[PDB]
Each structure stands twice: as structure tokens, then as C-alpha cells.
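Notes follow once the structure below has been shown.
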Amino acid sequence: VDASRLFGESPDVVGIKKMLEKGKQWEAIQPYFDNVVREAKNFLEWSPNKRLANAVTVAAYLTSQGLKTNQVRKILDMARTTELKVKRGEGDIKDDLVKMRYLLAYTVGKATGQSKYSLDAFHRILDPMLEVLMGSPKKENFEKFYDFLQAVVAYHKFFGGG
Amino acid sequence: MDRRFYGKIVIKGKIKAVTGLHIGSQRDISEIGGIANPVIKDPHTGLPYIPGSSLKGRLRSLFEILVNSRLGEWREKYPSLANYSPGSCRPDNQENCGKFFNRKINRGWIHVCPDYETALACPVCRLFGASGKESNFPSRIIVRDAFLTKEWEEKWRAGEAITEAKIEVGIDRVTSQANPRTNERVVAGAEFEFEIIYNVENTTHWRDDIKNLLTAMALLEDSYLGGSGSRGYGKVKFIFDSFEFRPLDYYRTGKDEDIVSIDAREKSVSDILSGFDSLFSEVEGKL
Amino acid sequence: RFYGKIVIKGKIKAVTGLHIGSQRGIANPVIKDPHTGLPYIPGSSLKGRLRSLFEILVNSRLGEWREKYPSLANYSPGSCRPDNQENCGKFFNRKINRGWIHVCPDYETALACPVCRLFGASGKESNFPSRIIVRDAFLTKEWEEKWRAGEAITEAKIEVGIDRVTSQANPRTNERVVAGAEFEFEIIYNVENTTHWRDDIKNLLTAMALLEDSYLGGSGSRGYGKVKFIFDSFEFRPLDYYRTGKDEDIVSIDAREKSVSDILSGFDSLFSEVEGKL
Amino acid sequence: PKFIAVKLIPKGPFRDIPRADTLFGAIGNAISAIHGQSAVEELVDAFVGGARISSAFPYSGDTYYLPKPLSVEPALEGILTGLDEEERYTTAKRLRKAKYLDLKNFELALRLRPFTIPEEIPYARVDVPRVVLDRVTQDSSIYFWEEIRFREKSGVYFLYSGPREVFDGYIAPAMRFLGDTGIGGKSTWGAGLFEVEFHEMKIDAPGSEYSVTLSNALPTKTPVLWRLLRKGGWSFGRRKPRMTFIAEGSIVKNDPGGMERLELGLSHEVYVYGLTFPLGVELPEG
RNA sequence: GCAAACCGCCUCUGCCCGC
RNA sequence: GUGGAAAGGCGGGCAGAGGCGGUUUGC
Ligand SMILES: [Zn+2]
Ligand SMILES: [Zn+2]
């Protein structure tokens, strides 16, 4: 039922928001799509709606957990400032992506309790893309990263978290 | 009737946020993850600033209330305040009557004179200007937007925090239950370079329009700017660089013929203080 | 008679958000090219602001300029607004619909007034055409490319109106151009008479020097102007240029000079060949 | 034949697309500035004696537009015989409302061939509001003003047949004067300004007894199929009298046209352009 | 031996007047 | 010898009022 609802591009934006308001159906079918996101190790794997397709499957599986946005804001504001540097200010984020990897690593080194799984799945997804972004350009192939990371947070408000 | 021009008294300097400043915006401008209630920002450089609208209106807000305190003491020195009585048009929804706050903007009553020559004798509406039907007196000060000064540009490059997030929690008294929210604010100690240009039109009354602009400045360092200042967030401090005059012969020649008053180590209560006439005595030697 | 066309190129720098409304999805839109959607500064909002600043400049100096410019002797400083009679003794003598403008009433008087000789006059049996052409300033190639790169070129700013007693907030929105933008302006002066063109260039630069300390359009007194003239080149385009077509115009060089390093800093120096060829 | 297409790359709005009466008057004022009075009388004697210019037409990036001939409408059901009548009727109606045609579709309508109308007009007629601000009280008084706003690559151009010594002696030095002053409208607000380029246009036209006019006509004899245009401009503040021209694309037979000189109380005589620009056309039986 | 729970925004305003 | 000549979409309007990063009890 959930796998047929979770279709290819935009299978059920209106449908998954009703089902996420569940336990056994989304613990498996979104786990395959979380594994499908990790199997797409290249960040530039989706010129089409598939960035908008992965992020709906990501933010539906994270909304099943907690995922407080307040915990992530140190990473989220850091992604805002590095994109602000790309506007003719700097061109090397490698001196600060390591900080953004460290702030991602410090956050899961803090997030302990019932909210481990809300940050373990969040740890699983961005880091194979941060592996690619180490040896990448920053005007291109980081443009597709930051737009993916917006759509994760954006649908997370629509599915009812934060 | 009879608009003239003699020059532009320019008041530069810096604005020191001794306590952390919060001029709020709205969000949703293609922005996704951020602090709720953000400080407004220059979209090209990314940095916060202070609008001239937020500073010209706040100086108008404090000075209109200063004049409403004394409608029997300024009327010996200015005409047309005898048309107004202390109060508001809130108990009677009629625009122009004897009450001193007379214009319903949308719902808020603000002292704006309805005519040219009524506003030409008003101490507020000749410094801040007025709108009206058939009169429309315009202002004589322009207050520009204040961006970060050039050294606080460089601290943003160095990675120092130009903003911060203060979390304030409201607690219900009966159940002691917190209702937490996070407010972005400019870091305390930050500094913004401002600009107030007075436009000298009538040489009979220009002492007063600087003595009233420096009165509202001293009322603003006693009050707060932006923010939730009853809970801390205000505390502006004006640091002057230099008064300048810019005579009419400047704009025609191009030579630096401006009369440059120096208050590089003085205070806003020290310019209004004994020495006003010691500092502006060469302006009167030029007129 | 035609002698040449002094051509003034440069840039307009919007140091602060510039708003030139249209009143027609933001509640108060700045005007825009309908095909690109990009904002621009008109040639008519720039010219009427160069003129409104310069007419108040002449209004203060009616008495001191009676013997450099004639037909300023027929004007008294002030408006003709109270006594509703046009072309009266006062200065701002022509009512258009509800506004009073200095426009000289005849050709024989507009050749002497410093405003109308440079900016033009309507008259009855007069029609004095102006001598300057002010083009529409459009965004520089560097700022059309930021439109291609997905940036925002016009922000939207929210103000509020607050009661002086109960603090009832009453907001509205105003679209305005993002501060920092670079426009490309163009002013082509028409050398009709060969004697009084220095006074027509030095008056045009005075109108621009007053514009760098006043505002351009919009709210302005709440800080929406703050413009800056960045000159690039002045060219002469002689009468011999238009007949034979060979490229021997006289070009001034001012890459980074102000409006006040150009009025007298180099005025004897930059126009040295133009004042020689006449 | 072979015509010299003088293109006008705009630098702002216009006031209208220029017609031939308000191109020749602008070329007249441009010659008197750089040459004088004795060359304007020589210019007028060159147009009467030899070839003449046409009206201005739009283009949009190597698609030179030309006016639709009026020769098609009494044929316009015989042009569309091989079409099914439920779509032939709305094709016939949009074919008639059309004002311009391409450089290629013009050569089909001169031969009574099937042709297609263009999809897009290269400009717009927007209404920019101005204002008149009071000098003391800043009071506003809105009036409205209309313009012609071209696209990114679009512009306007006219055609010239004639001897080359008259072109590069008179028409070519006048068009560079007019690149820095206007063609009509508020030239002080930067309207009629442009940049000029010179190219070559070649039109295939059938040799016949009839002809279409690519400019205003002011005919001697009564034409065949026409369309009235009624306008009179201004000359040094003097109001010209309205003259029944003929619009472009109208059909004449062995007509040279002819300019009317006017008085208007000036010092010099004012010629008003009404020479025709004949291109051969094929007609039905009337 | 050290924590783990909940709360993460609430509720009033939003273009006028003038050609 | 140009359906032309003259003509600032702008005058006034604080993104503001209220709000302890808190209390509870165990596994
Ligand atoms: Zn007042
Ligand atoms: Zn005049």
C-alpha cells in the first residue's frame, strides 16, 4: 500500500501527508527509498524531478521520527552562509565543508535518547553527498546539493514536523 | 509659496548598538531554514542594516510625544499649535479637530498637519514634513539607510558572528509552563554608519530645526530603537563624525568650500549643550 | 544652427534601494521593461528630477543672476499658487493641471533663462525645444547576468505605521530595487549656440551634484534614493563627423572621477580640446 | 529588385513606427543641420527625379517584416480552395486581420499563392504614466503616455531605391544625425534614438501592370484597391493640414505619386512626402 | 550509577489620502 | 525641412505591542 503510494516522481504529496498523520508500512517502503537515496551516491544523479522525488521520500521517513529543526539549524544556517560566499565572495568551501561535516558529526555526537534515529537517518543521507562535495566544484554540483537540502526541510514542514 | 535653497546640513557618524538590535523583517523570500523572526538584511551583501524609515519614524515618534507634553509652552514660540489640544482622535473617529494626533493612517493616529502654512509654523511638520489635500508640505530632512561600517564588513569576512540567536521563554504563572521562541538579533557592540541630511530652506528658522533634531536624538539615546526595547533590545548610542554644511557655492563650483564643524569626540547631549553656538558660528558667518 | 553633440556616458549607482513606482505580485511595483521584466530608470524621471533640483537653485539666486542671465528679472522668488493667475510676477509661473512649474512663456525669454535654455519651454507661439536628451537607464551587462544566474534584482520592503499612543501597527509593502545596482545612463547635449554651452554643461553638472545629495524618485526621505554618478567618457561628435563619417571625435577620458572632481577639478583640463575646436 | 535596407536598432521606446511622411521630414531636418538650405532643395529634386524611400517596418532578428498587400482579399477564397471549410473559414478571417508578413510570405502574396501570417508582433504599445510635480508642495498630476517598446533583437527598418551617389551623399549622413536626435515623439526623454546599420534586401516580385505601395501614396489618379490614411504632422510648431494619404500595401496602377509643397507661414517651403514605392503585384479581376 | 521527560511559537494589525 | 513642444508616479507613514530557557519527577 505504502510502496504503491510512494511512486516514482510525485506519487502522493497529498497522500503521504495523511498516512504520516503509518508505523509498519513506512518503516519498510521508505527504508528502501532511503537505501535508494544512499545508492545514488553521486549528488548529480538527478537533473529531473528525482531530487524532488528523493526528498519527499526522505522527509516522509524523517517525519516518522522526530527531527527537530532546532537541532539542525547550526548546519542549516551554515549551508546558508556557504551559498552566500558563492556570490563572487569565495569559491572554496573545502575549508568549511569539513566544519559542516564536523557540525553534522557533532550533532549526532550530542543527539542521544529517543531522538537517535531521527539523526541517524539524517546522518545516513547527507554524508555520501558530502563525500562527493569534497572533490567537486562549488558553483556547480553544490547548486544541486543545496537545492536538495532545501526540499528536505521544506517538505518536512508540510508533513508536520519542526 | 516660496521654496528656496541655501544648502544641506549633513550629519554623519555611526550608530553603536550598545545592547543587541533587532529590526525584524518577514521571511518566505525563497528562504527555507532559518531563525524565526529574522533581522532585515541587504539582499546583495547579505548583512543586516537599519532603514531610514525605521529611524526617521522613530525620531518622529519620540518628538511628537515631546511636543504633546507641552502645548502651552511651545505655542508662545511657534504658531498653529494653538489649533491643537493635548489628546488623540481615538475617542472620536474624526480626522482633523482640536486633538494633536490627527491622521488615521490605517488605524493609528499620527500628528501630521493638513495644510502647507499650518505645517510651516509647526515644529514637527516642518522638520519631518506632511501630507495634505492641496498643500502636501514636504520634508526637510532625509534619513538614509545605515549599513555596517567598513570594519564590521571585515569582521564578517573573518568569521565573527554579526548576528546571534537569543532564546526568550514566556512562562504561564499558574502552571509554570514555558513557551519558547528564538529571536535573531544583531550582536551588541555592532556599529552602523548613518546619514541625516537637513535641507536649509528658511534662514530665519534653522537653529530650531537642528535644536529639535538633536532633541529627538537625545530622546532616542534615552529610549530604544527597533526591537522589544522594554525587554532589553534597544540602547542606541550616536557617535558623531562631523557636521558639514555644503553651501550653494559648493554645488556650482566643486571646490571644498563646506563649513566643517568638528564634534569628533563629543556627544549628542553635548552638541545641544553649551557650545551649540560655538560650533555653528561659521555657518552663521556664511548663512 | 548645428555644431555638434556633446555626449555624456557613465553609470548610475543605486547605493540605497531606488523606488520609481507605477501603481498598477507586490503591492507597489517599481516600473519594468515589459519584455524582460527588468527594472529601469526612465529618462523622464531623471530629467524632471534634474530640473526640479535646478529650478529651486535658480529660485534662490534670482537677484544674483539678473546680469548673467536676463529674463530672471521678470520673476519674483515664489510660486503663483495663491493668486490663481499664470505667467504672473512670481517664478513658478505655469500651472499644468495642479502643479506650478517654471516654464518661460516665449522663445525670446527662454533663450536667456538658465533652466529653459537647457531644459525647454512650451509657450504660446514659442515652442523652445530643449538641448539635452536623457535616455532611459537600463541595468549594466554585469547585472543582467545576475538576472540570468537566478538572483533577485528587486527586493520587497515592509514598513509599518504605528499609533503614537496605543502602538497599533499598520503595515504596507513597497517593492524597491536591490541596493548596489549599476545602471547605464546617457545624456546628449545639443550644441546649438557656440557661446553659451559651458554655462549649459556647468549647470547640468550642478543638477547632478545636487542629485547626489538629494534622492531619485520614490520615498527618499525614508532613505530610498542615494544615487551616485560614475562617469565613463565625454565625447564631442563634431559637425565634421556627421558629414563625412570619419571617426575624428574628441573624447575626454574620465574612468573614475566624481561629479565634483569633474565640474572644476578638470573642467579647464578635460574640455581643453572641445573649447579649442568650439 | 535590390534595395538598401536601412535598419534602426533602437535604444529605448519609440512613439510610433515611422511612416514615410515622417521619415522624409526628419531626413529633411537632418540635412539642413549638416549641409543647409541649398541641399534640402537638392534632396527634394533628387526624390522627384529618381528613387524614393519607403515607410518603416518592424523586424525581429533576421525576419524582415513587410506589409500585407491588399491584393489578397478579393482572392482570399481562391487562395484557400484546397482546405476543409470548417477550418478554412477561421483561416480566412485571421488572414485578413493580419497587418504584416515575412520577407518570404510577402513574395507569395504577390503571386496569389497560399501564405501564412506571422505568430508574433515584435513590439508592444504600453501606457507608461508620467506625473507633473509641483515645485513647492510636490503635488502630483498624472497624465498618461503611450509608447512602442521593442524586444531584445527587434527593431525597425526602411528601404531605399535610388542612385548610390544620392544615398551616401544625403540619406547616409542624415541617418547618423538622427541616431543622436529622434524620429518623432519625446526625443528629450530618449525616445527616437537608435543605431543605424546598412545591409542589402532583395525582393522577388512579378512584373505586371499593377503595383503595391510600400509607403504613403498621395496619388494623382484614383487607385485600384486602397486603404485610407488620414494624418498631418507638425513643422516648427506649425500644424500641418490633414492629407488623405493611402496606407502601405495598397494597389496602384502606373502611379508615381508626388509631393505637395505647403506654405504654413514659415520662411522656407515645406514639402510633404507622398511618393510611392512600387513593387509589382498580381491581381484578380478587380 | 546519571538524568529523561514536554514546550519549541502564541494573538492582535496590513495602503491610505491627494490629481 | 519630424502628430510636434513643455511635464520626477510622489507627498506623509518605527515591522511594532505583550513574553524569566523554563518547570516537573524518576529509571
Ligand atoms: Zn505638525
Ligand atoms: Zn525659463
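Table: residues versus (1) within 21 Å of residue B:137 (Cα to Cα); (2) among the β-branched types (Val, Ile, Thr); (3) surrounded by 14 or more Cβ atoms within 10 Å (Cβ to Cβ).
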position	(1), (2), (3)
B:70	no, no, no
B:75	yes, no, yes
B:81	yes, no, yes
B:87	no, no, yes
B:97	yes, no, no
B:103	yes, no, yes
B:106	yes, no, no
B:112	yes, yes, yes
B:117	yes, no, yes
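Scanning for something under 30 Å from residue B:21 (Cα atoms) and within 8 Å of another protein chain (Cβ to nearest Cβ), does the stretch B:116-136 turn up at least one residue? There is at least one residue in the stretch B:116-136 that is under 30 Å from residue B:21 (Cα atoms) and within 8 Å of another protein chain (Cβ to nearest Cβ).
Can you confirm whether the stretch C:154-177 contains a residue that is in a helix (DSSP H, G or I) and within 26 Å of residue D:14 (Cα to Cα)? If you could, list the steps in order and put the result at the bottom.
Here is the first cut: in the stretch C:154-177, the residues in a helix (DSSP H, G or I) are none.
No - not one qualifying residue is present in the stretch C:154-177.
Take the stretch A:105-161 and flag every residue that is acidic (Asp, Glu) and either farther than 12 Å from residue A:67 by Cβ or surrounded by 14 or more Cβ atoms within 10 Å (Cβ to Cβ) (or both).
Keep residues of the stretch A:105-161 that are acidic (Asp, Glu), which gives A:120, A:127, A:131, A:140, A:143, A:147.
Scanning the stretch A:105-161 gives A:127, A:131, A:140, A:143, A:147.
Considering the stretch C:198-223, the residues that are over 17 Å from the mean Cα position of the chain (by Cα) and in a loop (DSSP other than H, G, I, E, B) include one that is nearest to residue C:48 (Cα to Cα), namely C:219. Of the residues making up the stretch C:171-187, those that are basic (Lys, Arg) and within 9 Å of chain B (Cβ to nearest Cβ) number 1.
Among the residues making up the stretch C:249-266, those that are surrounded by fewer than 18 Cβ atoms within 10 Å (Cβ to Cβ) and touching a helix residue (DSSP H, G or I) at 6+ places or on another chain (Cβ under 7 Å) are C:249, C:254, C:264.
Looking only at residues of the stretch D:134-147 that are touching a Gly at 6+ places or on another chain (Cβ under 9 Å) and more than 8 Å from chain C (Cβ to nearest Cβ), we find that the one that is surrounded by the fewest Cβ atoms within 10 Å (Cβ to Cβ) is D:138.
Kindly list the number of the only condition in (1) surrounded by fewer than 15 Cβ atoms within 10 Å (Cβ to Cβ); (2) closer than 21 Å to residue B:57 by Cα; (3) within 12 Å of RNA strand E (Cβ to nearest atom) that fails for residue B:167. Of the numbered conditions (1) surrounded by fewer than 15 Cβ atoms within 10 Å (Cβ to Cβ); (2) closer than 21 Å to residue B:57 by Cα; (3) within 12 Å of RNA strand E (Cβ to nearest atom), the odd one out for residue B:167 is (2). Among residues of the stretch C:73-115 being among the aliphatic types (A, V, I, L, M) and either in contact with a helix residue (DSSP H, G or I) (Cβ under 9 Å, 6 or more places away or on another chain) or away from chain D (no Cβ under 14 Å) (or both), the one that is farthest from ligand 2 (Cβ to nearest atom) is C:73.
Residues in the stretch D:148-161 that are within 19 Å of the chain's Cα centre (by Cα) and either surrounded by fewer than 15 Cβ atoms within 10 Å (Cβ to Cβ) or more than 10 Å from every other protein chain (Cβ to nearest Cβ) (or both): 8 in all.
Restricting attention to the stretch B:132-153, the residues being surrounded by 10 or more Cβ atoms within 10 Å (Cβ to Cβ) and not in a loop (DSSP other than H, G, I, E, B) number 8. Taking helices (runs of 4 or more DSSP H) that fall entirely within the stretch A:1-93, which contain at least 2 residues that are touching an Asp or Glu at 6+ places or on another chain (Cβ under 6 Å) and among the hydrophobic types (A, V, I, L, M, F, W, C)? So the answer is A:23-39.
Scan the stretch A:64-89 and report the pairs whose first residue is at the interface with another protein chain (Cβ under 8 Å from one of its Cβ atoms) and under 13 Å from residue B:31 (Cβ atoms) and whose second residue is among the β-branched types (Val, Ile, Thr) and assigned to a helix (DSSP H, G or I), with Cβ atoms within less than 8 Å and a gap of 6+ or a chain change. Hits for this filter: A:76/A:69; A:76/A:153.
Residue-level check: of (1) exposed (fewer than 14 other Cβ atoms within 10 Å of the Cβ); (2) among the small types (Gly, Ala, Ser); (3) more than 30 Å from residue C:2 (Cβ to Cβ), residue D:38 misses just (3). When the residues of the stretch B:61-72 are filtered to those that are under 27 Å from residue C:224 (Cα atoms) and within 9 Å of chain C (Cβ to nearest Cβ), the one that is farthest from the chain's Cα centre (by Cα) is B:65. Taken together, B:199, B:212, B:183 contain a single residue that is buried (at least 16 other Cβ atoms within 10 Å of the Cβ) and within 16 Å of ligand 1 (Cβ to nearest atom), which is B:212.
Name every residue in the stretch B:113-129 that is near ligand 1 (Cβ under 6 Å from one of its atoms) and either under 16 Å from the mean Cα position of the chain (by Cα) or in a loop (DSSP other than H, G, I, E, B) (or both), in order of residue number.
First, pick out the residues of the stretch B:113-129 that are near ligand 1 (Cβ under 6 Å from one of its atoms): B:113, B:119, B:122, B:124-125.
If the condition is that a residue be near ligand 1 (Cβ under 6 Å from one of its atoms) and either under 16 Å from the mean Cα position of the chain (by Cα) or in a loop (DSSP other than H, G, I, E, B) (or both), then B:113, B:122, B:124, B:125 are the ones that fit.
For the stretch B:1-49, a residue qualifies if it is assigned to a strand (DSSP E or B), β-branched (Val, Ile, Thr) and within 9 Å of chain C (Cβ to nearest Cβ), and exactly one does: B:10. Among the residues of the stretch C:225-244, those identified as touching a strand residue (DSSP E or B) at 6+ places or on another chain (Cβ under 6 Å) and within 9 Å of another protein chain (Cβ to nearest Cβ) are C:237, C:239. Only one of the listed residues (B:216, B:264) is farther than 30 Å from residue C:258 by Cβ and away from every other protein chain (no Cβ under 12 Å). That residue is B:216.
Any read-out appearing in this document is the output of simple, stated calculations on the displayed coordinates, not a laboratory observation. Using ideal geometry, Cβ is built from the backbone for each residue, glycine included, and neighbour counts are taken over all protein chains shown.
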